[PDB]
Amino acid sequence: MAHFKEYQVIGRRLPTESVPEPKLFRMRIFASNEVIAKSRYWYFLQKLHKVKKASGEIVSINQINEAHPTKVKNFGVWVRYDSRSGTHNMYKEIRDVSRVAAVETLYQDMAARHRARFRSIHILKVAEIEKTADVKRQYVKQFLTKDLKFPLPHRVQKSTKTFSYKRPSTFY
Amino acid sequence: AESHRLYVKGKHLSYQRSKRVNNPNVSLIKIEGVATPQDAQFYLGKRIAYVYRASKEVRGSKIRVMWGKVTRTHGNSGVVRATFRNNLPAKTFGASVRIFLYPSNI
Amino acid sequence: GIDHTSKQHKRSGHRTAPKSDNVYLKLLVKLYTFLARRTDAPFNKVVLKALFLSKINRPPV
Amino acid sequence: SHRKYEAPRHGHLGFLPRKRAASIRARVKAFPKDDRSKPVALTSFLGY
Amino acid sequence: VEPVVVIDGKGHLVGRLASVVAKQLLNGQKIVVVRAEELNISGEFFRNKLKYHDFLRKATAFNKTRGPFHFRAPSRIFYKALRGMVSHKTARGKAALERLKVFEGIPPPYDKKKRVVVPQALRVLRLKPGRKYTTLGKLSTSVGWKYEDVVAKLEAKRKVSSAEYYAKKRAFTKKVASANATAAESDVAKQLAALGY
Amino acid sequence: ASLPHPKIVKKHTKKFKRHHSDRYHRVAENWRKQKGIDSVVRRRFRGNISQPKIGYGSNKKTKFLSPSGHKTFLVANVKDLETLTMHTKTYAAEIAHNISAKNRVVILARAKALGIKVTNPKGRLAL
RNA sequence: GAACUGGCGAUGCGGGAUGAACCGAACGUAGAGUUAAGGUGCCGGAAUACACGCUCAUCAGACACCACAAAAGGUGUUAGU
RNA sequence: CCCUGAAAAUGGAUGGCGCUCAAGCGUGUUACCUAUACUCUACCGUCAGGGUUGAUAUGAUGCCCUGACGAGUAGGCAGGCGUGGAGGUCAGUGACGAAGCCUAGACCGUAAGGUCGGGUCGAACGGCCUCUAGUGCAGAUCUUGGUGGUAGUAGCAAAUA
RNA sequence: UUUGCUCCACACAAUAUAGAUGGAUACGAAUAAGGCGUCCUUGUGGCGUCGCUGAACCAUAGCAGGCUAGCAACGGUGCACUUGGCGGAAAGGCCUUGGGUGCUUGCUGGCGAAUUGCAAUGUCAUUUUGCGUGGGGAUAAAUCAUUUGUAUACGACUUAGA
């Protein structure tokens, strides 16, 4: 489900005769589609308040597009996840051009490094790092140096045919 | 001219099949120079001839023909499905067939 | 496959003809088959069905 | 179950099969390694 | 597309080359593989030698001459890999296997024919740099192949003769290229360049 | 000629031979249905012989037709043969196996006179 | 040895190499199309697809039922508090 | 994730070959392959609902229209196939060849089976409507008879020649 | 042994094809490096250029390819002849000297084709042979039987015999 979009989901408890106009709670949810986004909304509202989908209503769901989707950003993400033997809190840094793409990278990386499935991940917070010297992971820091430039040694060229006649090279 | 060919070379690969059951009514053909279904779309409906030789002369000739035609593409790599008037004899798995340019839409 | 809610190929369970080989009874059945098809009187249908019944289903009157 | 008493095998399994030789003249399978500095000489002889 | 495709086995990974050759032969293409002793297997030499020893122990208990046979030559190791990728027990599999020849070195007449490569099976393109790999000739020698030295000597002889061929070929192609360039910028050259030639 | 008919479709041209009639001489080819508890034929395992089924029934507009398009009527004599006088494009006469040669000559002459096709005109011909 | 349900027995078919029971789906005779479960290096029909990472094992690992593995350890390497 | 912990007896099993920026592990996005499943069509059968008689059809358990269904042991029922004999009929077949038998020859039926040609043969035998039963075989360590492989095999070597 | 055997030529008949339909078109080595060209105070040298696929290169026009005269030039390409070499891993192929001869679409010239009827592989290849024709060449053995015992159940083995 990593064709990720971000939605704002606003919902509430159902109005009653004694309590009209409830407090209109809102969440930011990364999900593949609106159905999953509303599911995640009710999942988190059930887990933090005494409101289930039966006693409430979704007032609004809107897709939030990245404000500047074409500038490279440094993102700090806070997650809590479940391992095989406990729950843990984690902080990670992702360099990428949008929030949804950072979160996609986050899910792929948590699956790769911790075998943490989507079920097992709560994204606590995704925030742009305003400036350098606040980045704390070296794998992001090393890309922020001055006049960065590196080669890509050992280029492997795709061959459309079964046999080549030339014993190819890896120069680049 | 040293060449007189007016057909495209093809190879009869196998029958349509699952892992353990084949269907001889459909033949899988690899057309030389075709690598994508998009390219193989050109050849749908083209007549196919399998040409083979016999000792006995039948009707003024010792070389016999099995006719068929390309029906649809198969997979992602340019293989096409073909149906023949009589099914190909399965000893021809790996034999050469001729895909003609008629009927022509170009 | 279909999740059948009732028995398939179930015969209606009613006689569609007299079991007897009486040619005269069969001629009566032919008459009232025509009458019950070509008239809208329920009487003809009742008589046609009564002509199918067995001996125990036609007690003497 | 195990033999209950160990003994060496009877006979040598490297001289198999115990068949008749294909010829009455046994083949010479290996000749001495050649020393090219020495004079030319036979490496074997035949006799009765 | 050629009637016979001659594959230089040097630098290829044995299993990927086997899969490619098996599909070629099953689709009715004739393949000659040369320099089987220069094939490559991923993983360290000791690892692949342990694998071959584990192969070596498998034999019919009551008669070893009918058990699995353990061919030591590099060409026969590659042939063994090709079996298992061809259903060799059928008539069609026997025909596909009869479409195949594998050699150590490059014997005649293939020594004067062009050799091709299979880039999807080339180690230099496929293995991550820094990963250990095994050379089939040395593995075969370690598991009992007898003819590594004679093949290396005779391949050196073929390589010197081929180098003389190539020096002559360089002279001729330089002559042809210079004379073609001289005849360039003529009317026919202009028109052919306009047409894309 | 006969009446025009749709193309004849047989739907199963292969004889339904009884299981193991090729195994044992004592088992004849006449179809019998396997009733054994473990029978692979009765259980319809893949790769076994097919069993006769009502689905194989011939199209009712071409059932009983010969490939010429005629139904076969067996005749023993000339009087039997005239029963097809007005039905020559739907019925063909077949002479019964036990008709003598000199009676077959008379039957054939009458059939040729009336236009009735005979399926076996060459039986018991003298030369 | 009991409970509820679904199955096998009484049932073939596609998949799990193989298998009564698992997954999918239940069956007249055919044609065409689309799929299920399962797959797409080769055997073997179908991408030696695309993408982000992790792992090098001188007993690697490789799919549910299912054909096992533990307590306990490692400046191996990778993320993290 | 990898390694140590981690030992069983014939040689051996991610199904096999093999695979190491995988053809392994986690995750995502597509394309593609193919079941007796789904959709559409034809045909078979079954069940259901219907139409069809004032000179119009083999004269109706016929013809026809419409829809939907089809797995199956033990078992139930129905429609049929075949055999010996009986009543009736075809003024049936037949020494110009009945019955039987043989036939990788033909035709009809989903099938039980039916029909035909050819060969052999020599005296009786069928179709249809009904009646009747000592009425259908692959098995029962079935009964009787006949015949194999084993097999030109074991054996025909005590008692002096 | 119905005047045998073998090898080149040749027309005939069969034959049966795991599958021809322009060309299998030759460095080696490395890949965190190389190819090619050029220059020098010959190197693990300088300089330039290329790759990012064979999507190339060669070939490729003519009744399945018929009939012909020249022009610059002595090219291109078959067929037999021939000169010398090289190649043993399975060489059985590669290169080269000279003349003869055919074609040449490099260019400009001259005639024909139809009716296979609107398609039907529309037959052009490659094997293995047997019967003839006309040239060349060569002129044996093995087994049984007998015999030995370095052998041996029988076969087999090992010896001998004009």
# chains A, B, ... in the order shown; residues from 1 in each chain; ligands from 1
>>> residues_around(residues="residue 30 (chain I)", least_positions_apart="2", cutoff="10 Å", atoms="only C-alpha atoms (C1' of nucleotides)", output="list in words")
residues 169 of chain A; 33 and 34 of chain I
>>> write_last_selection(atoms="N, CA and C atoms (P, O5', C5', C4', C3', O3' and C1' of nucleotides)", output="PDB file, in the first residue's frame")
ATOM      1  N   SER A 169      32.079  -3.345 -21.186  1.00  0.00           N
ATOM      2  CA  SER A 169      32.869  -2.608 -20.219  1.00  0.00           C
ATOM      3  C   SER A 169      31.962  -1.995 -19.164  1.00  0.00           C
TER       4      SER A 169
ATOM      5  P     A I  33      41.661   0.334 -11.616  1.00  0.00           P
ATOM      6  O5'   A I  33      41.041   0.764 -13.014  1.00  0.00           O
ATOM      7  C5'   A I  33      41.753   0.538 -14.218  1.00  0.00           C
ATOM      8  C4'   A I  33      41.022  -0.422 -15.119  1.00  0.00           C
ATOM      9  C3'   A I  33      41.609  -0.588 -16.510  1.00  0.00           C
ATOM     10  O3'   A I  33      42.674  -1.519 -16.536  1.00  0.00           O
ATOM     11  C1'   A I  33      39.289  -0.208 -16.682  1.00  0.00           C
ATOM     12  P     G I  34      43.718  -1.509 -17.751  1.00  0.00           P
ATOM     13  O5'   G I  34      42.863  -2.047 -18.977  1.00  0.00           O
ATOM     14  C5'   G I  34      43.048  -1.534 -20.282  1.00  0.00           C
ATOM     15  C4'   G I  34      41.841  -1.801 -21.141  1.00  0.00           C
ATOM     16  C3'   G I  34      42.002  -1.488 -22.616  1.00  0.00           C
ATOM     17  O3'   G I  34      42.647  -2.536 -23.312  1.00  0.00           O
ATOM     18  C1'   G I  34      39.995  -0.534 -21.841  1.00  0.00           C
TER      19        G I  34
END
>>> select_by_dssp(residues="region 39-78 of chain F", states="strand (DSSP E or B)", output="ChimeraX atom specification")
/F:71-75
>>> write_last_selection(atoms="C-alpha atoms", output="compact mmCIF listing (two decimals), in the first residue's frame")
# COMPACT_ATOMS: atom_id res chain seq x y z
CA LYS F 71 -31.83 -42.70 -42.45
CA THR F 72 -31.34 -46.42 -43.03
CA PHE F 73 -34.38 -48.66 -43.44
CA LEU F 74 -33.84 -52.40 -43.61
CA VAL F 75 -35.77 -54.11 -46.40
>>> select_by_dssp(residues="region 4-191 of chain E", states="helix (DSSP H, G or I)", output="MDAnalysis selection string")
chainID E and resid 14:26 36:38 45:56 64:66 74:82 91:98 110:112 119:121 123:126 136:142 148:182 187:191
>>> write_last_selection(atoms="C-alpha atoms", output="compact mmCIF listing (two decimals), in the first residue's frame")
# COMPACT_ATOMS: atom_id res chain seq x y z
CA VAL E 14 27.99 -21.52 -14.48
CA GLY E 15 24.33 -21.71 -13.47
CA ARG E 16 23.14 -18.62 -15.31
CA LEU E 17 25.00 -19.71 -18.44
CA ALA E 18 23.47 -23.17 -18.03
CA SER E 19 19.95 -21.74 -17.81
CA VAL E 20 20.49 -19.58 -20.90
CA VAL E 21 22.03 -22.42 -22.92
CA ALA E 22 19.31 -24.85 -21.85
CA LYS E 23 16.56 -22.52 -23.05
CA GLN E 24 18.46 -21.91 -26.32
CA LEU E 25 18.87 -25.64 -26.98
CA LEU E 26 15.27 -26.37 -26.08
CA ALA E 36 34.76 -24.28 -19.99
CA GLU E 37 37.81 -24.27 -17.70
CA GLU E 38 37.53 -20.47 -17.33
CA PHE E 45 36.81 -21.89 -3.70
CA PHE E 46 36.80 -23.83 -0.42
CA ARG E 47 33.00 -23.57 -0.28
CA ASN E 48 32.63 -24.93 -3.81
CA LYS E 49 35.17 -27.68 -3.11
CA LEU E 50 33.16 -28.72 -0.05
CA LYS E 51 30.08 -28.80 -2.27
CA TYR E 52 31.82 -31.05 -4.80
CA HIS E 53 33.05 -33.40 -2.06
CA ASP E 54 29.46 -33.66 -0.80
CA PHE E 55 28.57 -34.56 -4.39
CA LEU E 56 31.41 -37.10 -4.44
CA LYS E 64 29.32 -47.84 -7.23
CA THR E 65 29.59 -48.30 -11.01
CA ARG E 66 25.82 -47.75 -11.36
CA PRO E 74 35.07 -28.45 -16.33
CA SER E 75 33.12 -29.10 -19.51
CA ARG E 76 31.40 -32.06 -17.87
CA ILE E 77 30.65 -30.07 -14.71
CA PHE E 78 28.93 -27.49 -16.90
CA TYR E 79 27.17 -30.26 -18.85
CA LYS E 80 25.94 -31.61 -15.50
CA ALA E 81 24.57 -28.16 -14.68
CA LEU E 82 22.78 -28.12 -18.06
CA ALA E 91 13.30 -37.73 -26.77
CA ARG E 92 12.92 -33.95 -26.96
CA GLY E 93 15.45 -33.55 -24.16
CA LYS E 94 17.88 -35.88 -25.91
CA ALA E 95 17.52 -33.84 -29.10
CA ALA E 96 18.15 -30.62 -27.19
CA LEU E 97 21.22 -32.17 -25.57
CA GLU E 98 22.46 -33.39 -28.96
CA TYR E 110 35.97 -22.99 -33.40
CA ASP E 111 39.37 -21.36 -32.84
CA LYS E 112 38.86 -19.49 -36.14
CA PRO E 119 25.80 -10.69 -20.58
CA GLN E 120 23.04 -11.91 -18.24
CA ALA E 121 25.46 -14.67 -17.14
CA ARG E 123 30.21 -12.41 -13.55
CA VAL E 124 31.60 -8.90 -14.10
CA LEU E 125 28.06 -7.68 -14.77
CA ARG E 126 26.20 -9.89 -12.27
CA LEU E 136 36.16 -23.93 -12.62
CA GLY E 137 39.55 -25.08 -13.89
CA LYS E 138 41.22 -24.93 -10.49
CA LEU E 139 38.20 -26.55 -8.84
CA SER E 140 38.30 -29.38 -11.40
CA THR E 141 42.03 -29.88 -10.86
CA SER E 142 41.45 -30.04 -7.12
CA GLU E 148 44.69 -28.34 -16.76
CA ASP E 149 48.36 -27.92 -17.69
CA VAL E 150 48.12 -29.25 -21.25
CA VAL E 151 45.06 -27.07 -21.85
CA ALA E 152 46.89 -23.99 -20.55
CA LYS E 153 49.94 -24.70 -22.74
CA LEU E 154 47.86 -25.35 -25.83
CA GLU E 155 45.71 -22.27 -25.17
CA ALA E 156 48.88 -20.17 -24.92
CA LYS E 157 49.87 -21.48 -28.34
CA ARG E 158 46.45 -20.61 -29.74
CA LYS E 159 46.64 -17.15 -28.18
CA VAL E 160 49.99 -16.27 -29.76
CA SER E 161 48.74 -17.44 -33.17
CA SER E 162 45.53 -15.43 -32.68
CA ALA E 163 47.55 -12.35 -31.74
CA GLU E 164 49.41 -12.61 -35.05
CA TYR E 165 46.03 -12.87 -36.77
CA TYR E 166 44.83 -9.76 -34.97
CA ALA E 167 47.90 -7.69 -35.80
CA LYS E 168 47.37 -8.52 -39.48
CA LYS E 169 43.67 -7.69 -39.06
CA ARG E 170 44.51 -4.33 -37.48
CA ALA E 171 46.74 -3.45 -40.41
CA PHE E 172 44.01 -4.30 -42.91
CA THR E 173 41.25 -2.45 -41.06
CA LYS E 174 43.40 0.66 -40.65
CA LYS E 175 44.07 0.58 -44.40
CA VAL E 176 40.35 0.17 -45.17
CA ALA E 177 39.31 2.92 -42.74
CA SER E 178 41.87 5.37 -44.15
CA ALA E 179 40.78 4.68 -47.73
CA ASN E 180 37.09 4.96 -46.80
CA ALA E 181 37.81 8.29 -45.09
CA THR E 182 39.67 9.46 -48.20
CA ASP E 187 28.93 13.31 -53.68
CA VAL E 188 27.94 9.74 -52.82
CA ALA E 189 29.18 10.17 -49.25
CA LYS E 190 27.16 13.37 -48.85
CA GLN E 191 24.03 11.69 -50.18
>>> atom_distance(atom1="CA of residue 92 (chain B)", atom2="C1' of residue 17 (chain I)")
12.1 Å
>>> interface_residues(of="chain H", to="chain F", cutoff="12 Å", atoms="only C-alpha atoms (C1' of nucleotides)", output="PyMOL selection string")
chain H and resi 36+42-46+70-74+81-82+90+92-99+106-118+125-127+136-139
>>> interface_residues(of="chain G", to="chain B", cutoff="10 Å", atoms="only C-alpha atoms (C1' of nucleotides)", output="count of residues only")
8
>>> interface_residues(of="chain H", to="chain A", cutoff="7 Å", atoms="only C-alpha atoms (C1' of nucleotides)", output="list in words")
residues 26, 27 and 28 of chain H
>>> interface_residues(of="chain D", to="chain I", cutoff="12 Å", atoms="only C-alpha atoms (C1' of nucleotides)", output="PyMOL selection string")
chain D and resi 20-25+48
